[PDB]
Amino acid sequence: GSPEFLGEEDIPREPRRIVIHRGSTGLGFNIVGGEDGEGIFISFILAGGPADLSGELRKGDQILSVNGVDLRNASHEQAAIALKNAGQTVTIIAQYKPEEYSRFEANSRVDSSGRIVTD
């Protein structure tokens, strides 16, 4: 049978809830943004870290809130503090915003499925 590749399918752009149980370890991702009230975006997911293990976050996701704390207009340092101090159970509302994200990373653009491509 002819194979069905996930790479063709559009990445969902609606907000999602992600609950990460990480005890007293790092979440395992990097954030960019929070200067200009641009928003807080995931720039990197660590292999094997709690965010990776969730399978529900990706580079280009905007972090809308953590544990009900709205980060849409957060400053960078306060966003990091909110995340680091969120406790063992971390409830993130995230929304995939690859076009906005692509402005941060050099030579990056969005293809027809919404995937971020770096040349």
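Residue numbers run from 1 along the displayed sequence.
Asks: Mean CA temperature factor from the deposited coordinates, higher in 99-107 or in 7-15?
Replies: Between 99-107 and 7-15, it is 7-15 that shows the higher mean C-alpha B-factor.
Asks: Looking only at CA atoms, which has the higher mean B factor in the entry: 44-52 or 75-83?
Replies: Comparing 44-52 with 75-83, the higher average CA B-factor belongs to 75-83.
Asks: What third of the chain, by the recorded C-alpha B-factor, contains residue 89?
Replies: As the PDB entry reports it, the C-alpha B-factor of residue 89 lands in the highest third of its chain.
Asks: Among all modelled residues of this chain, ranked by Cα B factor, put residue 28 in the bottom, middle or top third, i.e. lowest, middle or highest.
Replies: Answer is lowest: the recorded C-alpha B-factor places it there.
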